[PDB]
$ cat start.cif   # mmCIF, N, CA, C and O atoms
data_query
#
loop_
_atom_site.group_PDB
_atom_site.id
_atom_site.type_symbol
_atom_site.label_atom_id
_atom_site.label_comp_id
_atom_site.auth_asym_id
_atom_site.auth_seq_id
_atom_site.Cartn_x
_atom_site.Cartn_y
_atom_site.Cartn_z
ATOM 1 N N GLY M 1 -72.173 15.775 -56.984
ATOM 2 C CA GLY M 1 -70.995 16.569 -57.263
ATOM 3 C C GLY M 1 -70.309 16.140 -58.543
ATOM 4 O O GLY M 1 -69.335 16.760 -58.979
ATOM 5 N N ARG M 2 -70.818 15.075 -59.146
ATOM 6 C CA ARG M 2 -70.265 14.544 -60.382
ATOM 7 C C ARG M 2 -70.425 15.544 -61.523
ATOM 8 O O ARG M 2 -71.411 16.277 -61.584
ATOM 9 N N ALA M 3 -69.462 15.575 -62.425
ATOM 10 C CA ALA M 3 -69.512 16.486 -63.557
ATOM 11 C C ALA M 3 -69.010 15.788 -64.809
ATOM 12 O O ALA M 3 -67.970 15.129 -64.783
ATOM 13 N N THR M 4 -69.755 15.919 -65.896
ATOM 14 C CA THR M 4 -69.378 15.293 -67.150
ATOM 15 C C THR M 4 -68.229 16.048 -67.808
ATOM 16 O O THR M 4 -68.164 17.276 -67.742
ATOM 17 N N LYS M 5 -67.331 15.311 -68.448
ATOM 18 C CA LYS M 5 -66.187 15.905 -69.132
ATOM 19 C C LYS M 5 -66.603 16.428 -70.506
ATOM 20 O O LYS M 5 -65.954 16.165 -71.518
ATOM 21 N N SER M 6 -67.700 17.160 -70.523
ATOM 22 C CA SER M 6 -68.234 17.724 -71.749
ATOM 23 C C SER M 6 -68.505 19.212 -71.570
ATOM 24 O O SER M 6 -68.265 19.767 -70.498
ATOM 25 N N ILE M 7 -69.014 19.850 -72.614
ATOM 26 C CA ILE M 7 -69.334 21.268 -72.565
ATOM 27 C C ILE M 7 -70.684 21.509 -73.229
ATOM 28 O O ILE M 7 -70.854 21.222 -74.413
ATOM 29 N N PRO M 8 -71.668 22.035 -72.479
ATOM 30 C CA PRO M 8 -71.502 22.386 -71.065
ATOM 31 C C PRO M 8 -71.457 21.153 -70.157
ATOM 32 O O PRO M 8 -72.154 20.165 -70.399
ATOM 33 N N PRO M 9 -70.622 21.191 -69.110
ATOM 34 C CA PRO M 9 -70.485 20.075 -68.174
ATOM 35 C C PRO M 9 -71.724 19.901 -67.301
ATOM 36 O O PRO M 9 -72.150 20.830 -66.609
ATOM 37 N N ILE M 10 -72.298 18.709 -67.332
ATOM 38 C CA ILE M 10 -73.481 18.414 -66.544
ATOM 39 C C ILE M 10 -73.080 18.118 -65.105
ATOM 40 O O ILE M 10 -72.231 17.259 -64.855
ATOM 41 N N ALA M 11 -73.680 18.834 -64.169
ATOM 42 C CA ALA M 11 -73.375 18.645 -62.760
ATOM 43 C C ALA M 11 -74.453 17.810 -62.083
ATOM 44 O O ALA M 11 -75.639 18.134 -62.148
ATOM 45 N N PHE M 12 -74.027 16.743 -61.431
ATOM 46 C CA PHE M 12 -74.929 15.851 -60.727
ATOM 47 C C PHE M 12 -75.012 16.256 -59.256
ATOM 48 O O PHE M 12 -74.101 16.902 -58.739
ATOM 49 N N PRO M 13 -76.111 15.895 -58.567
ATOM 50 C CA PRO M 13 -76.319 16.235 -57.148
ATOM 51 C C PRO M 13 -75.200 15.734 -56.233
ATOM 52 O O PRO M 13 -74.938 16.322 -55.184
ATOM 53 N N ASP M 14 -74.549 14.645 -56.629
ATOM 54 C CA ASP M 14 -73.460 14.064 -55.840
ATOM 55 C C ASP M 14 -72.158 14.835 -56.045
ATOM 56 O O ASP M 14 -71.163 14.585 -55.366
#
$ encode --input "start.cif" --output "structure tokens"
Amino acid sequence: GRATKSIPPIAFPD
């Protein structure tokens, strides 16, 4: 469910 504070935001499985 993790997401990077970037664009495009990378979404992780957690």
$ atom_distance --input "start.cif" --atom1 "atom C of residue 13 (chain M)" --atom2 "atom O of residue 1 (chain M)"
6.6 Å
$ residues_near_point --input "start.cif" --point "(-69.7, 16.3, -57.2)" --cutoff "8 Å" --atoms "only N, CA, C and O atoms" --output "MDAnalysis selection string"
chainID M and resid 1:3 11:14
$ axis_aligned_box --input "start.cif" --around "region 2-12 of chain M" --padding-each-side "6 Å" --output "JSON"
{"center_x": -70.8, "center_y": 18.5, "center_z": -66.6, "size_x": 21.7, "size_y": 19.8, "size_z": 27.7}
